[PDB]
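As structure tokens, the structure follows; a few thoughts come after it.
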Amino acid sequence: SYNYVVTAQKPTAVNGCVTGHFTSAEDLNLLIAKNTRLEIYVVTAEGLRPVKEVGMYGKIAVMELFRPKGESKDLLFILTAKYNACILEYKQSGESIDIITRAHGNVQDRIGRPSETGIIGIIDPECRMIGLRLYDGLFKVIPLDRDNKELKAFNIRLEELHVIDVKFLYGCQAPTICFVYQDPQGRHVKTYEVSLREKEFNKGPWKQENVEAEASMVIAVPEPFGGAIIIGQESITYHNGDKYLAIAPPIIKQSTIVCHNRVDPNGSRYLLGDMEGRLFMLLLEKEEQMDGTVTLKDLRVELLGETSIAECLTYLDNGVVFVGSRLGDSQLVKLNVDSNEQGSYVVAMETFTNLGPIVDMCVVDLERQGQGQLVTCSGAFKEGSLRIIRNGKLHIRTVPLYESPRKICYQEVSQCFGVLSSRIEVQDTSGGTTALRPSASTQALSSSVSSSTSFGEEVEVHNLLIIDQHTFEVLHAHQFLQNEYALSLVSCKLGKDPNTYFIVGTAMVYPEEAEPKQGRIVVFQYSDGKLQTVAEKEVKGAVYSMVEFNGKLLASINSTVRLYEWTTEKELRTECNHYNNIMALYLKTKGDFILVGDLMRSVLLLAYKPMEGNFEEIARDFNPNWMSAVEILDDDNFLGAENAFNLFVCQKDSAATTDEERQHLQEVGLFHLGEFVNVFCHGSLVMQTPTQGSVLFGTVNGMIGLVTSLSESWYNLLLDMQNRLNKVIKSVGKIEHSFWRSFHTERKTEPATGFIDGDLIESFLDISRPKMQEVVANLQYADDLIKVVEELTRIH
Amino acid sequence: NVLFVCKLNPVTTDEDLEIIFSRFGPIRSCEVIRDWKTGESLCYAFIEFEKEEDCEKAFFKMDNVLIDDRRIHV
Amino acid sequence: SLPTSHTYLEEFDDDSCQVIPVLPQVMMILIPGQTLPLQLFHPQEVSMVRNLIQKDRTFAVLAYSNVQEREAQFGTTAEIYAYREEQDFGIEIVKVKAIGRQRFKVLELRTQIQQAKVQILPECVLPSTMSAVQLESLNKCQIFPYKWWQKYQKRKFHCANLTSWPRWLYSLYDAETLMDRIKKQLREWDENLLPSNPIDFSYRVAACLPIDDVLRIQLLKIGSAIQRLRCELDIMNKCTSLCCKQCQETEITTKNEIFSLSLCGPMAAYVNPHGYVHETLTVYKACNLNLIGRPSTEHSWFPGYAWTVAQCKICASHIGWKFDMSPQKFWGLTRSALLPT
Ligand SMILES: COc1cscc1-c1cn([C@H]2CCC(=O)NC2=O)nn1
Ligand SMILES: [Zn+2]
């Protein structure tokens, strides 16, 4: 296949952030990791000043700072998803700003299943050990000694098996580890002491105790308070020696706490952020000063305000807070004591764009056939929105919906986007549902409701919104039947009817069942400023994905894949069925070929035979693994994204003469992408060569990527260039390119094949002139290669 | 000194047949054929008497013998 | 918990290609975890078994698409965890109790006994479906002691918004949810209140279902647990009645009588003193089965009952047998005459 992958729009969803003295002993820095890009900003009164943006050959899963004795600035500890651990230092000489790896190494155990609660990384208050919980029933201790250049780790055993949370505790003679763990008897909090000399565990200060049935997070209260705070969903507790205090304020009951930080150095004040956005402020009762020892006396929880959903929170200096949201725009907010405008102390200050999580993406030529603009359904929950991206640096503009969008399609003869959306209502005492917010699905100029069990439960109400393409005001909104779920949406004309219809597939789900036993397909017509419904036909299953095909409408009704003709009566009619042994989540039609896929990597390549009227299989591939999105590149190749953030290309052997080879897909190329690709779409952002075709893809973390096709000679030249660059470019963390891009699953690995890492090749233009001479010494292709790289750069 | 009989009552057991033939004299051994694949009796039995005298007694006094409500031919 | 001791009878890689012995007269489609006993009389089998007990106590059993014709493509290995060689009566007899352990695909079968050159198919454990998008902050909710399963979706799959599909779609690909649905469907036919690990659970349930050999071969093909469990869900919905293969018109039993009289499940494998291995399924009551012969405790598999010949009414095929104690009466049916409908 010999394909080419580049990063059009870099990731923006914040996967964690830290505050500390990293650039200099006097500058307070915020470090944000999106997926692989570590961005280093200096905290300034007016806001943030972006100082550095460094890529990493790995997904940053653990980020921390530590200041070992005898140093000047805090070093950054990064762990990659593939378990590359590195320690990095910030050094700038004149105008040069470089990152130096003090130590690097892979710390994955040969045998072990990764923990279901994910990677937990922690550092001692006194910087004498670095603890990780990567594999269950184990604790990986890395002695942070000046002589441990290679990060030589050693394991310690853990009697327990379901450590929920784990963190160190301040003010201990020897390093302590306090952790909340699960057991068939309940949840308990225990302290262990790490004897490095003996490389073992020892009895902890305060023994096991019962805690709430939903304890989730441990917070290490620093000295002189000491001890630990356990924050469950119902009660906040504090344990320290012989002092045990607790509360269960009524405020937190609605939503759990899924983040926190320390606002003061002495730990007398703490922040908390729920799933729904509320920003609570836990205050300790320091007043208990009796004889130089301070002890708790209260745990008031006060509500500050409603901020964007917080996947992380940091308190910058002088009453400014960075709310890093992974599923919505990130915020810089202010905790003004004397503003109290509406009872909330939070006043928005600045908004940073978080394009993802993309759930659907449409390329449309809004202007007069010029560029291909992107319309993407970004965000989820309250912070959902439509995003328009133009290439004329990219320019991103927002259309908030105040609800979750699902899919996007574009109609030209109506100049309208169709967007499926969901909002969450609460069951009322009247037996009905009340909306929590004034969502866009309710604030339409014109509205319709389709015509055809406890208290406090959350019920999802689904709508289709017709949104104008000039002002982005909701021209219409249509609500579906109760307990219905819209799954697929297509804007496509059928048969001989001149007008362009909307089609939506719906499955009715009830909480007591697993596989929807009933669904429907609705054909809407948008004209006269109203959303008339023109046809409806019920299928006995769920409709997952839909596309038009040669003037006919396909559908995935359960495992069945079905063809619909659009008669003169504006009625769907069934032409020819096909029964599969997999459920056809993904459909992609090109010419006469259909590509059908499910979550388990099952790829089928059906074909259409108009002479007889049935579909006949052509090629098949089963290899158990999780597949997120699957796309058709050319008449033969098929590109998909699968588990562990991987890209695979399946090619069908046309030269094969035997059936055993004609009915199988020979995997050609693999590429560990570092990104959970969610949507594939044809299109390009540059005016309409080494590249043929173009497939954009949108991911969860918020990056757009472009995959194209390179020619044989170009591919070989670019691969030799790739191997020649990987010997001069000193990547941060001493992480080898071959390892990062090596296809990865929890079972097995291969080196990359069939893809060229566009980022590395494009990095050629930025290297210093002397380096280029060494890069390509014996090729007989120095300026010609500049021509190559620039021509490639002119694609995205 | 062994006699073979056929057309036996299916419910018949080896011990019962041995006891019944005991009137014919001492029995060294007795067996009945059963479908190897099911375990059902084949209605064929072979009884080896202690001596030829017992076999002769069985042959003489067992002709048209009604045992287990079924006639036995041997 | 006795029927699994077989008292009626001596303590005892992935993708790699090995050549393994085969025992000739065995025809059962053994699935890992199921226990096969065997009886061997011909001297070659005895010698092979003795050498096997010496070296590694292993042998293959082929998943014959046609056992009589010995035409097969896949099979299951077995480790000999118990054996007994009694040679009395002037003939060497070896009775064995082995457990299916691993599976393989047939490359070739060289005829002498036999040696089958086959490759071990690996078992794929697919990690949590949310582990590919899981938010680090929410991971703390992954641990927890109609309402409860609703909470289970709301908790485990609180990342389906980050992806393109709903939470109720990812419940169909979660090991625990599928396993519990298998449970509820099992208790729908019996009142027996089945390990926790998905692989073993899937093997056991696929073994117990009264299905045909073709579908068992199918279920053995799939190397990922989740897909096997889903196929099991599909199968359970289907089978409703069991007919006599030698009748093809008369139903013999309904799934309503299936009840686990042995810890091995409603169906297991037994060998009579002559050897022919039968796959017996226990049901509370039969229908259209006549009895031949009287009951007898002679070498009865279940400790404390007896057996009598059972055959259908019309074509008199050997369907099985009818076996102060709870329960008083039940029927054990040999699967060779249990055609699923
Ligand atoms: C060779 O055939 C025979 C001659 S004498 C007894 C049998 C026989 C026994 N069984 C089963 C009956 C059920 C049970 O519990 N154990 C068995 O072994 N099938 N056939
Ligand atoms: Zn019959």
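Scheme for the structure tokens: letters A, B, ... for chains in order shown; per-chain residue numbers from 1; ligand numbers from 1 in order shown.
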Could you give me, as a tab-separated table, every chain B residue with an atom at most 7 Å from ligand 1, plus its closest atom pair and distance in Å to one decimal, counting only C-alpha atoms and all ligand atoms, rows ordered by chain then number?
residue	atom	partner	partner_atom_place_in_ligand_line	distance
B:34	CA	ligand 1	4 (C)	5.3
B:35	CA	ligand 1	2 (O)	5.7
B:36	CA	ligand 1	1 (C)	3.5
B:37	CA	ligand 1	2 (O)	5.8
B:38	CA	ligand 1	20 (N)	4.6
B:39	CA	ligand 1	20 (N)	3.0
B:40	CA	ligand 1	20 (N)	6.8
Would you name the residues within 7 Å of ligand 2, counting only C-alpha atoms and all ligand atoms, and put them as a PyMOL selection string? chain C and resi 244-247+312-317
Write a file of the just-selected residues containing N, CA, C and O atoms, as a PDB file, in the first residue's frame.
ATOM      1  N   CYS C 244     -34.720 -37.677  18.111  1.00  0.00           N
ATOM      2  CA  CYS C 244     -33.943 -38.887  17.867  1.00  0.00           C
ATOM      3  C   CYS C 244     -33.426 -38.875  16.435  1.00  0.00           C
ATOM      4  O   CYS C 244     -34.215 -38.919  15.484  1.00  0.00           O
ATOM      5  N   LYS C 245     -32.101 -38.830  16.286  1.00  0.00           N
ATOM      6  CA  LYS C 245     -31.507 -38.802  14.956  1.00  0.00           C
ATOM      7  C   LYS C 245     -32.024 -39.945  14.102  1.00  0.00           C
ATOM      8  O   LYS C 245     -32.194 -39.789  12.889  1.00  0.00           O
ATOM      9  N   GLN C 246     -32.281 -41.099  14.714  1.00  0.00           N
ATOM     10  CA  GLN C 246     -32.833 -42.237  13.996  1.00  0.00           C
ATOM     11  C   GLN C 246     -34.333 -42.116  13.759  1.00  0.00           C
ATOM     12  O   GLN C 246     -34.894 -42.942  13.032  1.00  0.00           O
ATOM     13  N   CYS C 247     -34.994 -41.123  14.355  1.00  0.00           N
ATOM     14  CA  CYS C 247     -36.388 -40.818  14.046  1.00  0.00           C
ATOM     15  C   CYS C 247     -36.501 -39.703  13.013  1.00  0.00           C
ATOM     16  O   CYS C 247     -37.123 -39.881  11.963  1.00  0.00           O
ATOM     17  N   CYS C 312     -36.153 -44.997  21.684  1.00  0.00           N
ATOM     18  CA  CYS C 312     -37.346 -44.340  21.185  1.00  0.00           C
ATOM     19  C   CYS C 312     -38.430 -45.370  20.883  1.00  0.00           C
ATOM     20  O   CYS C 312     -38.210 -46.583  20.924  1.00  0.00           O
ATOM     21  N   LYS C 313     -39.623 -44.868  20.575  1.00  0.00           N
ATOM     22  CA  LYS C 313     -40.768 -45.751  20.389  1.00  0.00           C
ATOM     23  C   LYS C 313     -40.843 -46.303  18.971  1.00  0.00           C
ATOM     24  O   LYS C 313     -41.194 -47.472  18.781  1.00  0.00           O
ATOM     25  N   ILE C 314     -40.520 -45.494  17.966  1.00  0.00           N
ATOM     26  CA  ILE C 314     -40.799 -45.875  16.584  1.00  0.00           C
ATOM     27  C   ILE C 314     -39.645 -46.659  15.968  1.00  0.00           C
ATOM     28  O   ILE C 314     -39.856 -47.731  15.397  1.00  0.00           O
ATOM     29  N   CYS C 315     -38.409 -46.163  16.062  1.00  0.00           N
ATOM     30  CA  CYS C 315     -37.276 -46.821  15.425  1.00  0.00           C
ATOM     31  C   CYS C 315     -36.365 -47.537  16.414  1.00  0.00           C
ATOM     32  O   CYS C 315     -35.344 -48.096  16.001  1.00  0.00           O
ATOM     33  N   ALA C 316     -36.707 -47.538  17.704  1.00  0.00           N
ATOM     34  CA  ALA C 316     -36.037 -48.372  18.702  1.00  0.00           C
ATOM     35  C   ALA C 316     -34.530 -48.135  18.739  1.00  0.00           C
ATOM     36  O   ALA C 316     -33.750 -49.068  18.946  1.00  0.00           O
ATOM     37  N   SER C 317     -34.103 -46.893  18.540  1.00  0.00           N
ATOM     38  CA  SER C 317     -32.694 -46.562  18.653  1.00  0.00           C
ATOM     39  C   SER C 317     -32.315 -46.369  20.115  1.00  0.00           C
ATOM     40  O   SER C 317     -33.126 -45.940  20.937  1.00  0.00           O
TER      41      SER C 317
END
May I ask for the distance between CA of residue 96 (chain C) and CA of residue 310 (chain C), given in Å to one decimal place?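 Spanning CA of residue 96 (chain C) to CA of residue 310 (chain C) is a straight-line distance of 26.5 Å.
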Can you list, as number ranges by chain, all residues belonging to region 504-729 of chain A that DSSP tags as strand (DSSP E or B)? A: 504-508, 519-527, 530-539, 543, 548-549, 552-557, 560-566, 572-578, 586-590, 593-597, 603-609, 614-621, 627-632, 638-642, 646-652, 665-672, 677-682, 692-699, 704-709
Would you mind telling me which residue in C:111, C:185, C:171, C:336 lies nearest to chain B when using only C-alpha atoms?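 Smallest distance to chain B is found for C:336.
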Write out as JSON, numbers by chain the residues lying within 7 Å of residue 99 (chain A), counting only C-alpha atoms and excluding same-chain residues fewer than 3 positions away. {"A": [88, 89, 90, 91, 732]}
May I have a table of the residues of chain C lying at most 10 Å from chain B, giving each one's closest pair of atoms and their distance in Å to one decimal, counting only C-alpha atoms, ordered by chain and ascending residue number, as CSV?
residue,atom,partner,partner_atom,distance
C:272,CA,B:39,CA,8.6
C:273,CA,B:36,CA,9.3
C:274,CA,B:36,CA,6.7
C:275,CA,B:36,CA,8.6
C:276,CA,B:37,CA,6.3
C:277,CA,B:37,CA,8.9
C:278,CA,B:37,CA,8.9
C:292,CA,B:10,CA,6.9
C:293,CA,B:11,CA,4.1
C:294,CA,B:11,CA,5.0
C:295,CA,B:11,CA,8.6
C:296,CA,B:13,CA,9.2
C:307,CA,B:39,CA,9.7
C:308,CA,B:40,CA,8.2
C:309,CA,B:40,CA,5.9
C:310,CA,B:40,CA,9.0
C:311,CA,B:38,CA,9.8
C:317,CA,B:38,CA,9.5
C:318,CA,B:38,CA,6.3
C:319,CA,B:38,CA,8.9
C:320,CA,B:38,CA,7.9
C:321,CA,B:38,CA,9.4
C:334,CA,B:38,CA,9.6
Enumerate as a list in words the residues belonging to chain A that approach chain C to within 6 Å, with only C-alpha atoms taken into account. residues 117, 216, 258, 357, 359 and 644 of chain A
Please produce a file of those selected residues containing N, CA, C and O atoms, as a PDB file, in the first residue's frame.
ATOM      1  N   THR A 117      -7.563  -0.491  36.740  1.00  0.00           N
ATOM      2  CA  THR A 117      -7.677   0.890  37.184  1.00  0.00           C
ATOM      3  C   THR A 117      -6.620   1.787  36.564  1.00  0.00           C
ATOM      4  O   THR A 117      -6.521   2.960  36.936  1.00  0.00           O
ATOM      5  N   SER A 216     -13.035   6.811  46.449  1.00  0.00           N
ATOM      6  CA  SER A 216     -12.449   6.875  45.119  1.00  0.00           C
ATOM      7  C   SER A 216     -11.054   7.472  45.094  1.00  0.00           C
ATOM      8  O   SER A 216     -10.216   7.009  44.318  1.00  0.00           O
ATOM      9  N   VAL A 258     -14.029  13.784  40.740  1.00  0.00           N
ATOM     10  CA  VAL A 258     -13.126  13.083  39.836  1.00  0.00           C
ATOM     11  C   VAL A 258     -11.866  13.898  39.578  1.00  0.00           C
ATOM     12  O   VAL A 258     -11.223  13.741  38.536  1.00  0.00           O
ATOM     13  N   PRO A 357     -13.692  15.759  21.930  1.00  0.00           N
ATOM     14  CA  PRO A 357     -13.650  14.507  21.176  1.00  0.00           C
ATOM     15  C   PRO A 357     -14.544  14.502  19.956  1.00  0.00           C
ATOM     16  O   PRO A 357     -15.765  14.525  20.090  1.00  0.00           O
ATOM     17  N   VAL A 359     -16.774  13.190  17.191  1.00  0.00           N
ATOM     18  CA  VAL A 359     -17.612  12.018  17.010  1.00  0.00           C
ATOM     19  C   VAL A 359     -18.073  11.864  15.570  1.00  0.00           C
ATOM     20  O   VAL A 359     -18.497  10.763  15.188  1.00  0.00           O
ATOM     21  N   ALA A 644      -5.346  -0.418  20.988  1.00  0.00           N
ATOM     22  CA  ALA A 644      -4.061   0.132  21.393  1.00  0.00           C
ATOM     23  C   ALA A 644      -3.644   1.289  20.494  1.00  0.00           C
ATOM     24  O   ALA A 644      -2.452   1.540  20.300  1.00  0.00           O
TER      25      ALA A 644
END
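Residue neighbourhood of residue 163 (chain A), excluding near-sequence residues (fewer than 4 positions): residues 179, 180, 181 and 182 of chain A, at 7 Å, using only C-alpha atoms.
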Could those selected residues go to a file with N, CA and C atoms, as a PDB file, in the first residue's frame?
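Result went into again05.pdb, see below:
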ATOM      1  N   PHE A 179      -3.143   3.554  50.681  1.00  0.00           N
ATOM      2  CA  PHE A 179      -3.951   3.164  49.541  1.00  0.00           C
ATOM      3  C   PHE A 179      -5.296   2.625  49.987  1.00  0.00           C
ATOM      4  N   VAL A 180      -6.298   2.936  49.172  1.00  0.00           N
ATOM      5  CA  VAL A 180      -7.657   2.433  49.307  1.00  0.00           C
ATOM      6  C   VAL A 180      -7.826   1.287  48.327  1.00  0.00           C
ATOM      7  N   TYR A 181      -8.242   0.129  48.845  1.00  0.00           N
ATOM      8  CA  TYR A 181      -8.349  -1.087  48.055  1.00  0.00           C
ATOM      9  C   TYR A 181      -9.662  -1.794  48.355  1.00  0.00           C
ATOM     10  N   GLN A 182     -10.056  -2.647  47.415  1.00  0.00           N
ATOM     11  CA  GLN A 182     -11.320  -3.363  47.442  1.00  0.00           C
ATOM     12  C   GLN A 182     -11.091  -4.813  47.846  1.00  0.00           C
TER      13      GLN A 182
END
One number please: CA of residue 340 (chain C) to CA of residue 232 (chain C), in Å, one decimal.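 CA of residue 232 (chain C) lies 14.7 Å from CA of residue 340 (chain C).
For region 57-61 of chain B, the list of residues within 12 Å, based on only C-alpha atoms and with local chain neighbours fewer than 6 positions off taken out, reads residues 1, 2, 3, 4, 5, 17, 18, 20, 21, 22, 23, 24, 25, 26, 27, 46, 47, 48, 49, 50, 51, 72, 73 and 74 of chain B.
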Residues near region 76-82 of chain A, anyone? I mean within 7 Å using only C-alpha atoms, not counting same-chain ones fewer than 2 positions away, as a list in words.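 Using only C-alpha atoms, the neighbours found are residues 58, 59, 60, 61, 62, 63, 64, 65, 66, 74, 84, 85, 86, 87, 88 and 89 of chain A.
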As number ranges by chain, please: the residues near residue 254 (chain A) (cut-off 10 Å, only C-alpha atoms, same-chain neighbours under 4 positions excluded). A: 233-234, 250, 274-276, 278, 456
Keeping only N, CA and C atoms, write the selected residues as a PDB file, in the first residue's frame.
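Written out: out.pdb:
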ATOM      1  N   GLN A 233     -18.084   9.250  47.166  1.00  0.00           N
ATOM      2  CA  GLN A 233     -19.186   9.950  46.525  1.00  0.00           C
ATOM      3  C   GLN A 233     -20.213  10.470  47.515  1.00  0.00           C
ATOM      4  N   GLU A 234     -20.192  10.002  48.754  1.00  0.00           N
ATOM      5  CA  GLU A 234     -21.195  10.383  49.737  1.00  0.00           C
ATOM      6  C   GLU A 234     -20.609  11.055  50.964  1.00  0.00           C
ATOM      7  N   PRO A 250     -24.733  17.628  51.918  1.00  0.00           N
ATOM      8  CA  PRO A 250     -25.756  17.315  50.909  1.00  0.00           C
ATOM      9  C   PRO A 250     -25.386  17.748  49.500  1.00  0.00           C
ATOM     10  N   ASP A 274     -16.460  17.924  40.061  1.00  0.00           N
ATOM     11  CA  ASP A 274     -17.306  16.774  39.811  1.00  0.00           C
ATOM     12  C   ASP A 274     -17.361  16.473  38.318  1.00  0.00           C
ATOM     13  N   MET A 275     -18.169  15.476  37.967  1.00  0.00           N
ATOM     14  CA  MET A 275     -18.356  15.129  36.567  1.00  0.00           C
ATOM     15  C   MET A 275     -19.226  16.150  35.850  1.00  0.00           C
ATOM     16  N   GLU A 276     -20.128  16.808  36.570  1.00  0.00           N
ATOM     17  CA  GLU A 276     -21.082  17.729  35.971  1.00  0.00           C
ATOM     18  C   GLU A 276     -20.577  19.159  35.915  1.00  0.00           C
ATOM     19  N   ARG A 278     -19.501  21.188  38.684  1.00  0.00           N
ATOM     20  CA  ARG A 278     -19.473  21.947  39.923  1.00  0.00           C
ATOM     21  C   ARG A 278     -18.078  21.912  40.527  1.00  0.00           C
ATOM     22  N   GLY A 456     -35.611  10.388  39.776  1.00  0.00           N
ATOM     23  CA  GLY A 456     -34.218  10.771  39.851  1.00  0.00           C
ATOM     24  C   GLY A 456     -33.338  10.166  38.781  1.00  0.00           C
TER      25      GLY A 456
END
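Considering only region 493-734 of chain A, backbone DSSP assigns helix (DSSP H, G or I) to residues 659, 660, 661, 662, 712, 713, 714, 715, 716, 717, 718, 719, 720, 721, 722, 723, 724 and 725 of chain A.
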Quick one: pull the distance between CA of residue 196 (chain A) and CA of residue 101 (chain A), Å, one decimal.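 Going from CA of residue 196 (chain A) over to CA of residue 101 (chain A), I get 24.7 Å.
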Residue nearest residue 113 (chain C) - candidates C:39, C:25, C:66, C:254, atoms counted: only C-alpha atoms: C:25
